[PDB]
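A.B. asks:
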Amino acid sequence: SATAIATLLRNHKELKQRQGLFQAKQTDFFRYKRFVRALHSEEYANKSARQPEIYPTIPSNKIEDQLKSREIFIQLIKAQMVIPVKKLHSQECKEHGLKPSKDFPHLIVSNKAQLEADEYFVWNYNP
Numbered sequence: 018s019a020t021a022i023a024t025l026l027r028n029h030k031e032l033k034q035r036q037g038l039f040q041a042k043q044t045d046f047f048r049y050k051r052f053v054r055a056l057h058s059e060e061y062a063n064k065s066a067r068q069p070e071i072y073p074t075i076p077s078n079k080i081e082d083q084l085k086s087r088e089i090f091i092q093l094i095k096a097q098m099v100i101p102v103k104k105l106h107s108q109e110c111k112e113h114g115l116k117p118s119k120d121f122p123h124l125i126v127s128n129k130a131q132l133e134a135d136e137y138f139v140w141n142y143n144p
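Number 142 in the deposited numbering belongs to position 125 of the sequence shown; there are no gaps in the numbering.
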């Protein structure tokens, strides 16, 4: 179910996912709110319409939506298929013992995953 959702949304257009440098490998990363938009995409709606037993349905009441959206994403964090990260500004890479790249931002593991809108996450899963 964590695996099922991640497999379905791993490349979804609404993640607007970019490549960054994570522990020295090129890694896709995205903001939490754009993952929520993939949960509201029509792909997810049709798969939860047919297998609500695997893909949990997103209610329409706005606050049950928010809670069901984070419940789902927390399932991905616990399965270790996404990792919360910090996206470093270039001037910050020397504080962390890194050197900036022209083509990619540096990402480092984040202390806590409080699931705010623009929190960044890297994928840690390839189907």
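The C-beta atom is built at its ideal place from N, Cα and C for all residues, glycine as well.
#1: Buried or exposed: which applies to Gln97, given that a residue is buried once 16 or more other Cβ atoms fall within 10 Å of its Cβ?
#2: Could you give the first and the last residue of the continuous beta strand (DSSP E) run that contains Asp45?
#3: From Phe90 to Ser127, what does the alpha carbon distance come to, in whole angstroms?
#4: In the DSSP output, which residue or residues are listed as bridge partners for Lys103?
#5: Within 10 angstroms of the Cβ of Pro69, are there 16 or more other Cβ atoms? Answer buried if so, exposed if not.
#6: Below 8 Å on the Cβ atoms is my contact criterion, and I expect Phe47 with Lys64 to pass it. Report the Cβ-Cβ distance as a whole number of Å.
C.D. replies: According to the structure shown:
#1: Here residue 97 is taken as the residue at index 80 of the sequence shown, counted from 1. Looking at its Cβ environment, which holds fewer than 16 other Cβ atoms inside 10 Å, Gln97 is exposed.
#2: By 1-based counting over the sequence shown, the position of residue 45 is 28. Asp45 -> beta strand (DSSP E) spans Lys42 to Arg48.
#3: For the purposes of this step, residue 90 is taken as residue 73 along the sequence shown, with counting starting at 1. For the purposes of this step, residue 127 is taken as residue 110 along the sequence shown, with counting starting at 1. If you take the alpha carbons of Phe90 and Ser127, they lie about 16 Å apart.
#4: What you label residue 103 is simply residue 86 of the sequence shown in a count that begins at 1. Answer is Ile125.
#5: If you number the sequence shown from 1, residue 69 lands on position 52. Classification for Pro69: exposed.
#6: The residue given as residue 47 occupies position 30 in the sequence shown. The residue given as residue 64 occupies position 47 in the sequence shown. Incorrect: roughly 20 Å between the Cβ atoms, too far for contact.
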